[PDB]
Each structure stands twice: as C-alpha cells, then as structure tokens.
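S.K.: Kindly return the folded structure for what I paste below:
(chains A and B, ligands or ions: 6)
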There are 2 protein chains.
Amino acid sequence: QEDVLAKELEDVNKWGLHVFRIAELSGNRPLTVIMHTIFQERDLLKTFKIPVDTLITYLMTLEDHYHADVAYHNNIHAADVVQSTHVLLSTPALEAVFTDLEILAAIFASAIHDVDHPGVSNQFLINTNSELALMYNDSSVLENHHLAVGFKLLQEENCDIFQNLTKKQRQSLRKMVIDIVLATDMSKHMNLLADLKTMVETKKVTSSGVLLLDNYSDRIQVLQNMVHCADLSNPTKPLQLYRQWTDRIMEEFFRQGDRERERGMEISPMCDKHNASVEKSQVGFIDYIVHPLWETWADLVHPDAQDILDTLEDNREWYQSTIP
Amino acid sequence: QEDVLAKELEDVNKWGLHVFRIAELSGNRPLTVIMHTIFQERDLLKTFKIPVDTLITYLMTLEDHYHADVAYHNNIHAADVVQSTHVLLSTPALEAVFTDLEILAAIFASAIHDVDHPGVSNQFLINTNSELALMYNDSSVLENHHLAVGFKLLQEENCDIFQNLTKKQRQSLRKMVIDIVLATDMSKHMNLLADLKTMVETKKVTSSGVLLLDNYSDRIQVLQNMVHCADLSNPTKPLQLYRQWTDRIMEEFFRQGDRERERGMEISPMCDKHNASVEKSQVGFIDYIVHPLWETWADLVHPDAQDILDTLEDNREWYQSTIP
Ligand SMILES: CCOc1cc([C@H]2Oc3c(OCC)cc(CCCO)cc3[C@@H]2CO)ccc1OC
Ligand SMILES: CCOc1cc([C@H]2Oc3c(OCC)cc(CCCO)cc3[C@@H]2CO)ccc1OC
Ligand SMILES: [Mg+2]
Ligand SMILES: [Mg+2]
Ligand SMILES: [Zn+2]
Ligand SMILES: [Zn+2]
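M.R.: Numbering: from 1, shown residues only, chains lettered A, B, ... in the order given. Ligands and ions are numbered 1, 2, ... in the order given. See below for the structure:
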C-alpha cells in the first residue's frame, strides 16, 4: 500500500491533500512522510546538506512527541500545517520573496509548532497553576514549550538536521523559527492581523503584481501571518477534511470543558458539551477570525488566494445551512 | 552583635544603608533581615495576614537560592535593590499613590528579581547554547528564570506568604510582579526610558501634589522604572558603597570574559581583564545609562530625588578624575 501512499503524496503541492488517508497509510507517520516529501520537492536536503537518515531520525522523534491521545493537536495537525505552509510559500505573488533559509525556517517552525501539546488551552494552564505556566510566567505558555521541545530534540543522537549549517545560518534560523512559532499564540491574532492589514495598504509590488518586501521586519511579519493562516486553514479546505477537523477540535474543547467542570472552574467558550452549538461556533469562527484573516491575506497576494477563499466561503455557507 | 544589627536596621528608610555591614552582622542574611524589617515598617504582615514564621521561612529559602559564590548578583544585591525600592516608594511625590498590593508587588519583585543568577549575561547564555536559553527561546532568559524560581519557592513547606490573599489579589500580584521583573532585562532599558521620558513630558499631578496614575499601563510603568532605577542605583550611592559594587561587578565581568576567551568566543564589552579600563567604563555607564535614567526619574518626582542625583553626579566627577 506504499504505491497509494506514494500516489496520495503526489498532491503534496495542492490545497486539500488527503492528510487523514496519508496518516492511515503511513502507519500514523504523516508528519514524517509529508516533511520528507516537502524537503525533497524543495531540494532542501542538499541545499543545506542534511543527511537523509538524520532527517528521518529527527522527524520520527519529533512526531513521537506529539500526543496520540489528543484529538486535534497531534501529528496529523502538525503535518497539515506543514503542508499548508508549503503551499502558501509557492504563492505566485511571493515568488522568491523569501530566501532558502527563510523557507526552511517557516517549514521547520510549522512542523514543531504544536509539539507536546496537552490538548488544553493556555488559559487553562494558567488558571490551573500548571507547571508549564509557572515556567513561562503565563506568557505564550504552550508556544514557548513547543519551541523548547522542538529544539531540544535536535540534541538527540543523529537528530541534528542543522549540523551542516554555518553558525550564522543556525543563529538566523533559530531566531526566525522562534518569531514564527511565538506568533501562533491565538492571543496575538488581532495584533498580527492589524500588521498584515498595514502591509496590505502600504503594499508595494512589481508590474506583474509580485510583492516587494525589503525589510526583515516585513518579511518575518508575512511568515508569521503565513503560518498563522496555515494553522487556521481547516475551514478553507475541502469540506470532507474540514468536517473531520471540526469533529476533532470539538472533542478537545469538550474534554477541556469537562475538566473545567470537574475541577469546578469557569467553562471556556464552546467547551460546555451541554450548551454547545458546533455549527454556530464554526460560522462565528469563520466570520470573526478566519475570514477576516484570509481575506486580508488574499488581498496581500491578490488575486492568488481566490480558490482558497472560495472554498472558505463555500464552507461557511454550508455550515450556516446546517443551522435550523 | 544582634544589638549592632538592630541599630543598623534603623537606617532602612535611608539612601546609603550599610548593606554590606548588615550582611555580615546578620550572618549573611541581609535579604531576610531587610525584607522582614521593611514588611514590619510597612505593616504588610498585618495587612495581608502573613504569618511571621511563613515570611521568615520563605525569605530564608529565597535567600538560599541566590548564589553565595557570585560576586555581584547575590543576596546582598537583592537586599540592596529591595531596600532601594523601599526608599523610592516612600518618596513624597508618590504618597498614597499605590495600593498596599502594588507596594507588596514592587517589594516582592525586587526581592526575587535576580534569584538563582549564575553570574553571566543573557548573551553569554544564548551564545553558549545553555539549557536556560533553550528553555526560554533566547528571550529575557535570566529574568524569566528569576520569576519562575521566585514563584516556585512559594510552594515549599510553609513558604506561601500569599496564602491569605484573595484569588483576585493573588492574580493581580502575580501579573504585576511578572511585568516588573521582566522590565529589569537590560535589553529593554532604552524602550523603558523612552516611555518614562514620555510620561514626564505629559505628567499630571493631583491637587495633593502627588503623581496622578489612573490606568494600569501608567501605574505598572512607574513601578517598572522604579525597580529598574533601584537595580541601577549603585552609582547613586555614597562612594564607599559604589566602589564595592564596582569591584564586584568587575569580578563577574572578568570571570565571564575568561570563560569567553577559553571558549574561543569574542569577549564581551568590559569583560577582558587584559584590556579593560574600570574607571572609563564606570564613567560611560553613568553618562549613557545611569544618569539619563536617574535624571528622568528625578524629573518625575521633582524635587524629591535631588540629593540622589547630586551624589550620582559627584561620583561621576570622582571616577572621571581618576582617569587622567
Ligand atoms: C470554533 C473554533 O474552531 C476551531 C478553533 C481552532 C483554534 O482556534 C482557537 C480559539 O479561537 C478563539 C478565537 C480558541 C481556543 C481556546 C479554547 C476554547 O475556548 C482554541 C482554539 C484552537 C487552537 O488551535 C482550530 C480549529 C477550529 O475548528 C476546526
Ligand atoms: C560598567 C558597567 O557597570 C555596571 C553594570 C551593571 C549591570 O549593567 C550591565 C550592562 O549594562 C551595559 C553596561 C551590561 C552587562 C553585560 C555584560 C558586560 O558586557 C551587564 C550589566 C550589569 C547587570 O546587572 C551593574 C553595575 C555596574 O557597575 C557598578
Ligand atoms: Mg498552537
Ligand atoms: Mg537581573
Ligand atoms: Zn496548531
Ligand atoms: Zn539586579
């Protein structure tokens, strides 16, 4: 069944990859096989002299540190965000906007961006006086931990995929990866969208309409918003995929709300399985978060995010129709 | 000896307290005895229902987690910053401005602000790929660690000095303490000073003559700069104290530079004992960092800090006079 696995992976460059099928066919190794394929498609293994066995050893270790008993924030989500970022990096409006190291940073960041996620929110970890919130002083608690684990795993035997990067390349990549993953904290969404909007208004492009980003500050802001868009890309995918992602996030939400109920705390929004409307929540999610973000992105890359935006608007219409 | 210690602690409200003598007379417990004295002087045990045995147990545990084998960033420095903050809080321009909870936060933040300091800089920890820098993603590495340790120690046996605060009080105190200690990161000094200058330029004074601070942002900004001033107060102290602080920081700098040299790293500024001018470095420190800060603070509380600024200026003249 490697030939159908191979056949599914030939669409690695397409929005709507069959990531769940790939997860099943690969023996629950979608992060490993999708990351491997993307590194080959972009020729990053010999651009950065990465030994293929070191790539696989690290990826398997990284994938192992995603929890198999969390419904959403697991290795399938990691693989999906990697692949969505990979596609957004190939947006024609961004042709060669980013160096090979900036490409490598966005892809690596996507792969590690949720590693060792416990399936509960930053606010839960804060309000419960968790060890993670104590270590990180209530500030981007999960995202700081995802980075620390992602980088620490490079120190395991035969796991340093960056061993042949120069010392300046490693320092630059580390900084970019940190900046990107910290930006995936949902509490920073509005600041990040405000900066994406400012870049839209002050946007400068060539005659073909390709974006011109001269400052590193602007380029990292685009990469931050890019991985944020990929993190929030479920409602923009084909509906058969999107509905599975909704099932999984609601499982996590409800199991957290149970804990907020058993411990006796205030139940987080959308986490009370006894007073939840899954469909109304998705429509509001799209209306207030996902669509404002993806329509600003589509403008920055105008008109290249039309097919993705079209799917999102189709899916919003469908979810609304499921509300009597 | 306890007789003499008690007499010296009568100076706790004065700039220029004999803090090294108190460290000796107290059996190397300056942080414990000065904190206890200040808490009694401000009636904080009664106000917050702190059991005296719990306070002493926490303070001795906190003091233990300062490194007795670092020349500068030890329990004497912590005691000095605590006492300096205590004097700055009593300045006439701030009378009745801060609540008891804000006072408690500022003093507690001062006490924990360098706990478990290893005697090397954030940049050294980043450049040597330390476990601390890996934990904290190269971002305010030491200061995040000082906070995590200072809070973690409250959980040890009979150490929760905040056990009788309301949950809302504990939540507010925790956020203020985090905001204050993170502002002691020297990489934030220029932005902190820029905002303090903006506040002085726009400052408002009540009919009572005290500073008007009517929002969290302005209130925490003043406490942040207060503790940062106390942290950078050595050159404003009587010369016999200042020179001891200079001897101690230069020992730490030179030891860090010896480690950098042996590792083949670029030696940090002022850390090369074969190429250092102690006196020129102090004059530059005053001219570019300490006097800009203290002159702005003195403007905020005018004329309360005039004697402190006069001492700083005299000490700058003294060090300058040793150069030719
Ligand atoms: C209806 C929302 O559906 C989704 C939400 C998300 C993420 O977005 C939020 C979020 O956004 C709030 C503005 C808030 C919390 C906190 C826990 C609940 O209070 C958690 C998350 C998720 C983190 O990855 C992903 C997919 C979703 O659907 C497929
Ligand atoms: C001549 C400087 O004297 C002093 C400096 C300081 C602190 O201020 C800096 C700092 O600020 C810029 C100078 C930079 C580094 C990094 C290591 C050296 O590159 C370290 C420190 C110290 C941390 O507590 C305290 C007292 C001092 O004298 C009594
Ligand atoms: Mg995340
Ligand atoms: Mg410090
Ligand atoms: Zn995610
Ligand atoms: Zn300090």
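S.K.: show me the contacts for the residue of the stretch 151-300 of chain A found nearest ligand 4.
M.R.: Nearest residue of the stretch 151-300 of chain A to ligand 4, counting by C-beta to the ion: residue A:178, 21.4 Å away. (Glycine included, C-beta is placed from N, CA and C.) Under the criterion of C-beta atoms under 8 Å, 6 or more residues apart in numbering or on different chains, the contact partners of residue A:178 comprise A:147, B:137, B:138, B:139.
S.K.: Looking at the residues you listed, which one is closest to ligand 2?
M.R.: Closest to ligand 2 out of the contacts of residue A:178 is residue B:138 (15.2 Å), distances taken as C-beta to the nearest ligand atom.
S.K.: does the closest one count as helix, strand or coil?
M.R.: coil (DSSP: H, G, I helix; E, B strand; the rest coil).
S.K.: now it: how far from residue A:127?
M.R.: Plainly put, residue B:138 is 28 Å away from residue A:127 if you go by C-beta to C-beta, to the nearest Å.
S.K.: contacting residues around stretch A:142-156?
M.R.: So stretch A:142-156 is contacted by A:57-58, A:61-62, A:65, A:108, A:111-117, A:121-122, A:125, A:132, A:135-136, A:159-162, A:174, A:177-178, A:181-182, A:184-185, B:134-137 (C-beta under 8 Å, 6+ apart).
S.K.: buried stuff in that stretch?
M.R.: For stretch A:142-156, a neighbour-count test (16 or more other C-beta atoms under 10 Å in any protein chain shown) marks A:142, A:143, A:144, A:145, A:146, A:147, A:148, A:149, A:150, A:151, A:153, A:154 as buried.
S.K.: need the contact list for the single nearest residue of the stretch 51-200 of chain A relative to ligand 1.
M.R.: Residue of the stretch 51-200 of chain A nearest ligand 1, by C-beta to the nearest ligand atom: residue A:121 (4.2 Å). For residue A:121, the contact set (C-beta under 8 Å, 6+ apart) comprises A:142, A:256, A:268.
S.K.: contacting residues for the last one?
M.R.: Spelled out, that is residue A:268. Residue A:268 is in contact with A:121, A:123, A:124, A:253, A:256, A:257, A:260, counting by C-beta under 8 Å, 6+ apart.
S.K.: and the host helix or strand of the third one, does that touch ligand 5?
M.R.: Okay, so that is residue A:124. If you go by DSSP states H and E, residue A:124 is part of helix A:122-127. No: applying C-beta under 5 Å from the ion, one finds helix A:122-127 separated from ligand 5 by no less than 12.4 Å.
S.K.: what residues does that helix touch?
M.R.: With C-beta under 8 Å, 6+ apart as the test, helix A:122-127 has contacts from A:118, A:130, A:132-133, A:138, A:140-142, A:185-187, A:256, A:259-260, A:265-266, A:268.
S.K.: one more time with 10 Å
M.R.: A:118, A:121, A:130-134, A:136-145, A:185-187, A:256-257, A:259-260, A:263, A:265-266, A:268, A:271, B:171, B:174 (C-beta atoms under 10 Å, 6 or more residues apart in numbering or on different chains).
S.K.: how far is it from where the chain is centred?
M.R.: Taking the mean of its C-alpha atoms, helix A:122-127 sits 21 Å from the chain's own mean (C-alpha atoms, centre = their mean, to the nearest Å).
S.K.: mind saving the C-alpha coords of it as CSV?
M.R.: Provided in CSV are the C-alpha atoms of helix A:122-127 (Å, rounded to 0.1, in the frame of the first residue of the first chain):
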residue,chain,number,x,y,z
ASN,A,122,-3.0,28.5,27.6
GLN,A,123,-5.8,29.9,29.8
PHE,A,124,-6.5,26.5,31.2
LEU,A,125,-2.8,26.0,32.0
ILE,A,126,-2.7,29.5,33.6
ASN,A,127,-5.9,29.2,35.6
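S.K.: What's the separation between residue A:304 and residue A:91?
M.R.: Using C-beta to C-beta, residue A:304 is found at 5 Å from residue A:91.
S.K.: between these two, what contacts are shared?
M.R.: In terms of C-beta under 10 Å, 6+ apart, residue A:304 and residue A:91 are both contacted by the residues residue A:297.
S.K.: that older thread, return the closest of the contacts of residue A:268 with respect to ligand 5.
M.R.: Checking the contacts of residue A:268 against ligand 5 with C-beta to the ion, the nearest one is residue A:121 at 11.9 Å.
S.K.: mind checking the backbone torsions on the closest one?
M.R.: Taking degrees, to the nearest 10, you get phi -80, psi 160 for the backbone angles of residue A:121.
S.K.: how near is it to residue B:42?
M.R.: Look at residue A:121 and residue B:42: by C-beta to C-beta, they are 38 Å apart.
S.K.: Ok, residue A:297 next?
M.R.: Per C-beta to C-beta, residue A:297 is found 53 Å from residue B:42.
S.K.: If you count surrounding residues, which of those two has more?
M.R.: More crowded of residue A:297 and residue B:42, by other C-beta atoms under 10 Å in any protein chain shown: residue A:297, with 24 against 17.
S.K.: from the chain's centre, how far out does the helix or strand that one falls within sit?
M.R.: Element membership for residue A:297, per DSSP H and E: helix A:291-300. How far helix A:291-300 lies from its chain's middle: 16 Å, per C-alpha atoms, centre = their mean.
S.K.: elements contacting that helix?
M.R.: Packing partners of helix A:291-300 (3 or more C-beta pairs under 10 Å, 6 or more residues apart in numbering or on different chains; DSSP states H and E): helix A:189-201, helix A:216-231, helix A:306-321.
S.K.: Would you mind listing the buried residues in the second one?
M.R.: Which is helix A:216-231. Buried, per 16+ other C-beta under 10 Å, within helix A:216-231: A:218-231.
S.K.: Same check on stretch A:192-212?
M.R.: Across stretch A:192-212, burial judged by 16+ other C-beta under 10 Å covers A:192, A:193, A:195, A:196, A:199, A:203, A:211.
S.K.: of those residues, closest to residue A:324?
M.R.: When those are ranked by distance to residue A:324 (C-beta to C-beta), residue A:193 comes first, at 32.0 Å.
S.K.: Show me what from the stretch 1-150 of chain A comes close to chain B.
M.R.: Those residues of the stretch 1-150 of chain A that sit near chain B, judged by C-beta under 10 Å from any C-beta of the partner chain, are A:126-127, A:129, A:131, A:133-140, A:143-149.
S.K.: mind redoing it with 6 Å?
M.R.: When proximity is defined as C-beta under 6 Å from any C-beta of the partner chain, the stretch 1-150 of chain A approaches chain B at A:134, A:135, A:137, A:144, A:147, A:148.
S.K.: So the second one versus residue A:144, what's the distance?
M.R.: Spelled out, that is residue A:135. 8 Å.
S.K.: What's the local residue count around the residue lying closest to residue A:138 once chain neighbours are set aside?
M.R.: Nearest residue to residue A:138, sequence neighbours excluded (C-beta to C-beta, 6 or more residues apart in numbering or on different chains): residue A:126, at 4.9 Å. If you count neighbours by other C-beta under 10 Å, residue A:126 ends up with 19.
S.K.: Against residue A:140, how distant is residue A:126?
M.R.: When residue A:126 is compared with residue A:140 (using C-beta to C-beta), they lie 11 Å apart.
S.K.: filter the contacts of stretch A:142-156 to the buried ones?
M.R.: Among the contacts of stretch A:142-156, those classed as buried by 16+ other C-beta under 10 Å are A:57-58, A:61-62, A:65, A:108, A:111-117, A:121-122, A:125, A:132, A:135-136, A:159-162, A:174, A:177-178, A:181-182, A:184-185, B:134-137.
S.K.: follow-up on the earlier one: what about the contacts of helix A:122-127, which are in helices?
M.R.: Taking DSSP state H, the ones among the contacts of helix A:122-127 that sit in helices are A:131-134, A:136, A:141-145, A:256-257, A:259-260, B:171, B:174.
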